[PDB]
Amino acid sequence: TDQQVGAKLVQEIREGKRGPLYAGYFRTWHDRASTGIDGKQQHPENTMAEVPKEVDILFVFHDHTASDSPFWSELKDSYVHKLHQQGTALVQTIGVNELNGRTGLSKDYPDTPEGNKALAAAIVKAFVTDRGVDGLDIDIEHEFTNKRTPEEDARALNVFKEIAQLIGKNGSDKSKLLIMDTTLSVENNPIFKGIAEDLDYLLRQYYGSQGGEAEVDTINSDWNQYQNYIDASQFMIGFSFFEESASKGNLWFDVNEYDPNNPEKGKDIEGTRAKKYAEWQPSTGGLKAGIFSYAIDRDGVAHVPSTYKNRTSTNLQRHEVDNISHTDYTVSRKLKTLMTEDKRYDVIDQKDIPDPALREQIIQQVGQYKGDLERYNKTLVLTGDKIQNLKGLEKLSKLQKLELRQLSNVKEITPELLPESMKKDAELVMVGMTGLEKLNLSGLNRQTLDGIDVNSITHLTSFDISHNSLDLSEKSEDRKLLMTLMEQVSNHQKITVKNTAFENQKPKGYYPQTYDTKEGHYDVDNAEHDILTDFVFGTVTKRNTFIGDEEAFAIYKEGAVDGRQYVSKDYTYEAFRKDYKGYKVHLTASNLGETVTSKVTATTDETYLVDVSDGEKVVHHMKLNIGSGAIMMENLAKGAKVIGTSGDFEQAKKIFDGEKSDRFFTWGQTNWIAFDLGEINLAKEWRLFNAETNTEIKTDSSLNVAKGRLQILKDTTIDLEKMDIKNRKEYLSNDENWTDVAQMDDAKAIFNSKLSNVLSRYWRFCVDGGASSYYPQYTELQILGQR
């Protein structure tokens, strides 16, 4: 039957037995069996039956064909049969709107777990099972007018995962393909991220130029992201043939332009983007799966000339290439043989990897093709007693982790059996290397000997870990492992500088993860001190060996093992040390005033809270005393209850929260807020954050308060819970009931001044005028003191 031929075909594609693929989108209304809603045939010139063997997968791209057209029968009972005989699979294409509630069967089903599971079944039955084809393809493009809701995308993904339980690799019916095609980068494609593991292929349309001098920038940029979700052998890129009467916005120039001097110019692939795409390969991961064309029915038609690039549906500029004509699929076949002749898809053979057991495990993990070797960039795990030689492993030059497990019969590890990425900090794990006799890692800039099981290298006769970046100082763990290596050599041979090389190390420097001083101190010497130089300084090696200054580095360079000095002679402190380029120091004085400076001048008793930042995070926090210090003040006002104001009562309370993300002003040049601190405590200073302090809206200094008065309630005995709202407000507005404690007369961003040990529970702040004509604003008010 052609259900068992279909299954056999799909299983040979999914397991990668056809090399590079070529696929095509056939527009149903350009098949001669297609009829419109009228019942009239649309175009007799072409047919899917004629699609050659070189096309590996044919995508049914449906539009204009009516549902009662003879085409659907011709597809199911004739076309699929003929194409299966030459090894070609049929895949049905549907848009994502059939999945998210906007079109077709998705309007008839609720957005619930059982509803979406019934929708999935109805889709697989209507678009795969009943059409006779071998798989489904979901089209997810950008929606220019009327974007998709997060609820529609969350639905499309849930339906997609239920389809993937029915068909595809992770489905009940493994005989069908499950494909996605898209125009969306990973960042903009939540459905892809959720459905990737269940995909056979991702077909990413790249019609027209994609930026840069090679016209392929967006392809490389996107593969850099896509590679974290799918394998290269699942990635296909697409070009478009020239659609008839295509307008501006749909003119890609992916094939050659019309030539009046050469009618066959359209089927010449030299110079075309189609050819560039056939040749393009990923930088990482592996080799791609192949390429596909849109509108394969237009294969070989020359593209409309560049001078037509501006035609619209309103501004017709019809050309001879707008005609419909029969195609012999010449461009398709040339591009397919161009890809199968690509000598990068030759299988890895004994010439590349001589050891058969090594070659089996590389092929299992890296892929089949010679071109997969220089691209693979993940992990390789080599095990067992059958591997004798590691020749050929230097071809995996982008490997990120090499893991050697129980390689009992491997006698040699040398830098020329190792990938190039071992020189740029790739991980290397070795366990149970009981047969290893030569261990040469020279010149690979290795920062650690971590992961090398030195205890099990029991047959070692020589090693060379010279010219690396190792810390071999007394307390370093790498010196302990160096020692074991030297003892394993001693069992078999007299130690020599040649057979235990470890000199010329150049260990790189790092920032310490912490700093010792939680509490610093200066005397009151009337001098400037640098907080960075005194407390937050120095560098560490990878094994956390501290070096404080240039002299400590000089002592480090003279470290030796058995009188053999291991650090390179011309390695300089400037090269090892960390400059502290981005570093800033955030100080909070005892009156809660904030400044950003590394320098302090020790003139009086004071306490700072210090927060050091590197430009991103806080790296250190300490307290610093000058002299006897000073007790850290509290903001008495924080959370003060507002008891009355000339402005809006709910705007007023936002000058007593934590933030500067708000503003209080009135319809005028003057206002007052009166507030209650709860209890009565002792107040030594006040601080006002003016208008230009504002964090939610950039405010210029013309809106600043210029004159103002902070005040306490004259009567200490007064109880104002007794008088009622109308009297209370009039009482709190009468200025003869308050005494000036502080007077502002300058429009500074932050205004601070001292009080004379004010003990009061009721307060009022009056704005008496602004910096300009505009209504003066301010964001936060602070009364500073104890308890």
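Numbering starts at 1 and runs along the sequence shown.
Looking at 141 to 149 and 396 to 404 together, the entry lists the larger mean B-factor for 141 to 149, computed on C-alpha atoms. On average the C-alpha atoms of 454 to 462 have higher B-factors than those of the other stretch, with 281 to 289 and 454 to 462 being the two compared.
Going by the entry's values, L105 shows the largest Cα B-factor out of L157, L373, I94, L105. Taking only the listed residues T47, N757, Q42, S69, the entry reports the highest CA temperature factor at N757.
Among the modelled residues of its chain, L21 has a C-alpha B-factor that falls in the lowest third, as given in the PDB entry. Compared with the other modelled residues of the chain, the Cα B-factor recorded for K722 ranks in the highest third.
Compared with the other modelled residues of the chain, the Cα B-factor recorded for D530 ranks in the middle third. Placement of the Cα temperature factor of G639 within the chain: highest third of the modelled residues, per the deposited record. Per the PDB record, residue ranking by Cα B-factor puts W672 in the middle third of the chain.
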